[PDB]
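Residue numbers (this note's numbering), protein chains in the order written: chain A, 1 to 15; chain B, 1 to 125; chain C, 1 to 125; chain D, 1 to 145; chain E, 1 to 308; chain F, 1 to 48; chain G, 1 to 49. C-beta atoms are modelled at their ideal positions from N, C-alpha and C, and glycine is treated no differently. Encoded as structure tokens, the structure appears first; notes follow it.
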Amino acid sequence: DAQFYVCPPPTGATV
Amino acid sequence: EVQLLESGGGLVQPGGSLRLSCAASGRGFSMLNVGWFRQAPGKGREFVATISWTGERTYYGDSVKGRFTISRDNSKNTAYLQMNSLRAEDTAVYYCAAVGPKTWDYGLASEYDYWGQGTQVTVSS
Amino acid sequence: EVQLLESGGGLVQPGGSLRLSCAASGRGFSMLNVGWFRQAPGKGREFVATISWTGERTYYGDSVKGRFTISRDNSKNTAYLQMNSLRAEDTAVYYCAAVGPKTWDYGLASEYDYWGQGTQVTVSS
Amino acid sequence: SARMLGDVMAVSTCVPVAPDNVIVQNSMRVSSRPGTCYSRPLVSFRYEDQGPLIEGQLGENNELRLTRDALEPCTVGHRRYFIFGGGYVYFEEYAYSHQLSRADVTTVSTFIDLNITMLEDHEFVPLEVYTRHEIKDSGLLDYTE
Amino acid sequence: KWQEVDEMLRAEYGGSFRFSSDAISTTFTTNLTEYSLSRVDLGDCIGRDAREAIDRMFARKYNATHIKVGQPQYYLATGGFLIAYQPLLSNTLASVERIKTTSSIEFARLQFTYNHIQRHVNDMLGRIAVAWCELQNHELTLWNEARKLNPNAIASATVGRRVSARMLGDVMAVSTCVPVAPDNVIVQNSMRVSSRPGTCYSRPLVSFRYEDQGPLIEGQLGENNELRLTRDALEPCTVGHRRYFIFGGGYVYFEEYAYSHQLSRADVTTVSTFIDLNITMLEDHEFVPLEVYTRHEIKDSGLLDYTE
Amino acid sequence: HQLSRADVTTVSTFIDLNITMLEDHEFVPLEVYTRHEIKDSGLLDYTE
Amino acid sequence: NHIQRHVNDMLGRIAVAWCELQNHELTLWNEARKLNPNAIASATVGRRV
Ligand code: NA
Ligand code: NA
């Protein structure tokens, strides 16, 4: 998998 | 939060038997000490009984023994109060209360967090 | 700690053969350089032979070559000294000594930590 | 409880405590020092039912730590879940907020599935293309008869 | 009397008895109830031959190590076989009719072979299943530690999709990561910090656009093709700086905090953490009909044919 | 002091798996009735 | 055919499970590599490095 990913900060919306 | 409802209250003659149901809505019932508190008409509120959050402890009031049995069913998220041989002074205004595992003061009413509307029961000859 | 005992010593004759057994009690025998030191009557203690802690080298005294051979049996926690063609100038009182993997001075005596009671051997015609 | 003593691992048996004898405190703030808080919630526990109360700090996997030294600088937007008994206690803004069961939390698995089933018992009935009576009867004339 | 079996094992299951002989590779099936010998027309030798054979076999093989448990027991077995069975116990543990017998015993031999193979296979595969469950439960601990070390990768592996993760106490909060095309991402030449000499970026700077026509957005290259929006990965400068960074399907090589070279994964020596397991399928096999003598041959072996 | 590895209590991180080989088995010839028994079951033999 | 089909199905399930387990443990190996490069390299290369 050569795709890049932008990861926003994980809120406690789903744990 | 946890919202509690009561069912089963009604007119019962002396020496009768009844089963009250306290149904919980929300999450985390199994982590909740669940009890009942009865307030007499023209009188304050007093402790009745409480099942612990693990379900392994059953604390009772100082005035009642062998009459009221609190038992919790986590599958239905409910607490059942089996009431036997009601006297004239047994009847009161019954509320169901819940609190997390954060106090051993089950007798004290101020410790509980979740308070329900309550139910009506009457003992009369 | 390791406690050492000797067995097999006794009065011998020139040109004979013998085997001394050094038995160790405790833990960590396989992590010990084990050797022998003999004190002549009216004379100081001198190095005899020492097998290393891994059992892959066998250091010998300068005054003896081929007569004595030291070997190790870890299953019995023992060191066996096979002695051949004994001589009057060789006879002494033999002690078993042990030291951890913390010095290369096997010939020198005070390096060794574990010192035993010793055994008596004497050759005569 | 374990501790690395160099290259080996010293261990000591942990004494069990009943969950009814353990409660968690409402506030995770430090009373003496404002601006600093407890990383994990404080607990009060008794070794026995009739024993005296003993303070402590909630460790990992229902551990009761005797020393309340788990301290962190205060941070806004503080939301935590802590294992407690068979479930979780949810603290928001360093204060007790809610309680949850394991069923109320989404579960992901680290386990690799392997579904092995047993071979089933099989019965072999007797079977012949021609019985020996059939083979005897195939002859046109029977000398004995 | 047909067979004398010095080692016949009786097993009770399914409401039936199974009598297995390893010596003749045969498994007979009977009901639990005992077959009465009085039901046999002119069957007086069954008991006398059975008692003689059991006694002679016991005296020869079991005399010193086993004892007899009761009298011989008679059972009728599928295919029409009458089994006389004397149970043994270890010394340290102490109207008439005619039975019709099939000419083919291979049903019982197939029963024996299938039971033997089935029991072995079931035992071994059950042991493997237990070991697998234990190994998974045992590796959960390593997963718990690795979650603390790298929440992002652990969450992505255990969830099945690329997510950002943070340990919110004892659970792990997750959030879906937005994909970006590799052609929309480029890496910057210099890893030095323009404002402050003597300090540098730990990982190379990147410029990426969420879409083809979108505006340019600055950032720092994270791990495993992650685009970090904040360029806070900062380290003091160090001489002899040589790094490889994952980029798309390959690596970008930086030397002295400057872009140096490019590599594919084929250009890097590969070592494996995987343990090999080469399982091959058992192949199909065809059983042709086979007879030592055809019934035509058996008919023809007679010298004179009365019919002909 | 000094210890060998036998002097330290040993705990295992290994999961046990005891796999044993299926043993060799020999199939002897077996017949309910031999062809001589089948021939002999006739009351009268025309050839004889 | 019966024994062959059962054995092939079970051993194929085991092969798939083993492949998945190896791919799954690669993540733990990636973390342990940062934990202790010397030991991880020695165990994945086959010599002390
Ligand atoms: Na499992
Ligand atoms: Na694999």
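Considering Cα atoms alone, identify which of the options is closest to residue i.
i	options	result
E/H241	E/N278, E/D212, E/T273 and E/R192	E/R192
B/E56	D/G85, D/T67 and D/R68	D/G85
G/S42	E/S175, E/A165 and E/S272	E/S272
E/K1	E/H138, E/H120 and E/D49	E/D49
G/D9	E/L282, E/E297, E/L303 and E/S25	E/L282
B/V34	B/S71, B/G10 and B/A88	B/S71
E/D170	D/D137, D/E55 and D/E63	D/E63
residue 86 of chain F	E/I279, E/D305, E/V292 and E/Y306	Outside the modelled stretch of chain F, which goes from 1 to 48, sits residue 86 of chain F, for which no answer is possible.
E/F28	E/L125, E/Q111 and E/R231	E/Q111
F/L30	E/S25, E/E34 and E/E308	E/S25
E/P204	E/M167, E/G250, E/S195 and E/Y257	E/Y257
E/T92	E/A64, E/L82 and E/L42	E/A64
E/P151	G/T27, G/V49, G/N36 and G/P37	G/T27
A/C7	E/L277, E/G222 and E/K299	E/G222
D/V105	E/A233, E/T270, E/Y74 and E/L168	E/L168
E/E34	E/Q73, E/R51 and E/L304	E/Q73
D/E48	D/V15, D/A70 and D/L71	D/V15
E/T102	E/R109, E/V121, E/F81 and E/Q118	E/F81
residue 311 of chain E	E/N31, E/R51 and E/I105	Outside the displayed range of chain E (1 to 308) lies residue 311 of chain E, so it cannot be described from this structure.
B/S63	B/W53, B/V2 and B/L86	B/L86
C/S21	C/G118, C/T58 and C/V123	C/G118
With a CB to CB cut of under 6 Å and the five nearest residues on each side skipped, what residues in its chain are close to residue i?
i	result
E/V69	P87 and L89
D/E92	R79
C/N84	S17 and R67
E/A53	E4
C/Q82	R19 and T69
B/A109	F37 and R45
E/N189	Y259
B/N74	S30
D/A2	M9 and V11
D/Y81	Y88 and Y90
C/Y60	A49
G/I3	none
Does the beta-carbon of residue i, which I'm using as the reference point, lie nearer than 6 Å to any heavy atom of ligand 3?
i	result
E/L304	In the structure shown, ligand 3 is absent; the only ligands present are ligand 1 and ligand 2.
Would you identify the three-state DSSP class for residue i, choosing helix, strand or coil?
i	result
C/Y106	coil
E/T230	coil
G/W29	helix
E/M281	coil
E/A23	coil
B/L11	strand
E/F17	strand
G/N38	helix
C/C22	strand
D/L127	coil
E/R127	helix
E/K68	strand
B/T58	strand
E/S36	coil
E/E97	strand
By Cβ distance, which residues of its chain are closer than 8 Å to residue i, with the 5 residues on each side in sequence left out?
i	result
G/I40	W29, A32 and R33
residue 363 of chain E	Residue 363 of chain E cannot be examined here, being either before or after the span of chain E that is shown, 1 to 308.
E/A94	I67
E/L234	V193, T199, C200, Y201 and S202
Less than 7 Å between C-beta atoms, sequence neighbours within five positions excluded: which residues of the same chain meet that for residue i?
i	result
D/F45	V17, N21, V22, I54, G56 and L64
E/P182	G248
B/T122	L11 and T91
Quiz item: Around ligand 2, which residues pass a check of Cβ closer than 5 Å to any of its heavy atoms?
Solution: E/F274, G/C19 and G/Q22
Practice problem: Quick one: which unbroken beta strand (DSSP E) runs of 3-plus residues sit fully inside the region 60-125 of chain B? Chain order, please. | Solution: Runs of the beta strand (DSSP E) inside the region 60-125 of chain B: 68-73, 78-84 and 93-99.
Self-check item: Any beta strand (DSSP E) of 3 or more consecutive residues that is wholly inside the region 169-239 of chain E
Solution: Runs of the beta strand (DSSP E) inside the region 169-239 of chain E: 172-176, 178-180, 185-187, 199-201, 205-208, 217-221 and 234-236.
Exercise. Tell me the start and end of each unbroken alpha helix (DSSP H) in the region 24-50 of chain B that is at least 4 residues and wholly inside, in chain order.
Key: The region 24-50 of chain B is shown to contain no whole alpha helix (DSSP H) run of 4 or more residues.
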